[PDB]
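With the sequence shown counted from 1, adding 10 to any position gets you PDB author numbering.
Even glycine gets a Cβ: it sits at the ideal position worked out from N, Cα and C.
Okay, structure first, notes after.
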Amino acid sequence: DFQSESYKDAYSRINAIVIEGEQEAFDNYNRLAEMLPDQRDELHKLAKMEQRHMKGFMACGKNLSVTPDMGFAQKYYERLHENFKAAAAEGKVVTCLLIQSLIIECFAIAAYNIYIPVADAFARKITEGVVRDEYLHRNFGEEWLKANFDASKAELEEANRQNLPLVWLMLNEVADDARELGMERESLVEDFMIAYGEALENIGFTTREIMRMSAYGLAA
Ligand SMILES: CCCCCCCCCCCCCCCCO
Ligand SMILES: [Fe+2]
Ligand SMILES: [Fe+2]
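Set out below in structure tokens:
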């Protein structure tokens, strides 16, 4: 349990996934800072927080004597990451904000909070510090999208349709290794659906709209 060979194998993929995720979050928020001049300094602050998270999780892996399987993690994020990239190239800020500040942050919040109670004491302290920042990142995107809801609504719907299923696939792909780390799938699914559904309601979506938007992920 922590030093077991089964735990260490699963941690190799999970730890690689969180590190790769933080690294991409870093790049994502820097690109967003390019696209949103009025919030350029705030977004740069979010990016610097991501760099800290990445470093903290690299340390978690070293503490369990685990080599992160980065190749597995690259492939894990590829589709969703390339979608961000493409949206960024076409100037689609709304899509980029949805992917990184809503969908990805909600996923991280739900998984990290599930990991905390079963995490070794060193990783538990790191993750507690990390999840504190994730609330702020999600709050940034919700606040912006809520303030710009009418202009953003049509693109949000389209972005959700294309990208929510990718994250569900990512949630499903990670479920086995997560269980080995003592994180139950059913907790992950419920918590992610609740957080993302609640964030959509806060932004301004109706119930039928939230059910429609959620169902694109769940049917995948
Ligand atoms: C060592 C941490 C354990 C939790 C593992 C969670 C399993 C997969 C979810 C990964 C989500 C990473 C997203 C990071 C984005 C940060 O803004
Ligand atoms: Fe982060
Ligand atoms: Fe984040």
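Residue j beta carbon less than 8 Å from that of residue i
i, j, result
"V184", "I113", "no"
"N173", "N93", "yes"
"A20", "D187", "yes"
"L74", "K18", "yes"
"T137", "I124", "no"
"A83", "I29", "yes"
"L191", "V128", "yes"
Spatial distance of residue i from residue j (CA atoms)
i, j, result
"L53", "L46", "9 Å"
"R148", "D51", "17 Å"
"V140", "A229", "31 Å"
"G227", "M203", "9 Å"
"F215", "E208", "10 Å"
"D201", "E219", "19 Å"
"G81", "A43", "28 Å"
"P78", "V199", "25 Å"
"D48", "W154", "11 Å"
"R195", "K58", "31 Å"
"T217", "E152", "17 Å"
"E165", "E15", "46 Å"
"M64", "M221", "34 Å"
"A35", "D143", "12 Å"
"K95", "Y86", "16 Å"
"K135", "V76", "18 Å"
"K163", "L181", "25 Å"
"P175", "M193", "21 Å"
"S197", "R62", "27 Å"
Candidates the options, of which the one nearest residue i by Cα
i, options, result
"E60", "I213, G31, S224", "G31"
"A121", "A209, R189, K156", "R189"
"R41", "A99, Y86, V76, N158", "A99"
"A26", "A131, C116, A69", "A69"
"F117", "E153, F36, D11, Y145", "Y145"
"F67", "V199, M223, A133, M221", "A133"
"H91", "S75, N38, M221, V28", "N38"
"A205", "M193, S224, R218", "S224"
"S111", "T217, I213, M221, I220", "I213"
"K156", "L210, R62, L198", "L210"
"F12", "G71, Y87, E152", "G71"
"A97", "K135, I109, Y86", "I109"
"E115", "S197, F150, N182, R62", "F150"
"residue 6", "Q33, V76, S197, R62", "An answer regarding residue 6 cannot be provided, because it is not within the stretch 11 to 230 covered by the chain."
Cβ neighbour criterion (16 or more within 10 Å) applied to residue i
i, result
"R23", "buried"
"residue 231", "Limits of the chain in this structure are 11 at one end and 230 at the other, which puts residue 231 out of reach."
"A161", "exposed"
Next item on the list: Evaluate contact between the stretch 156-172 and the stretch 103-120, counting only Cβ atoms and requiring at least three cross-stretch pairs below 8 Å.
Entry: yes
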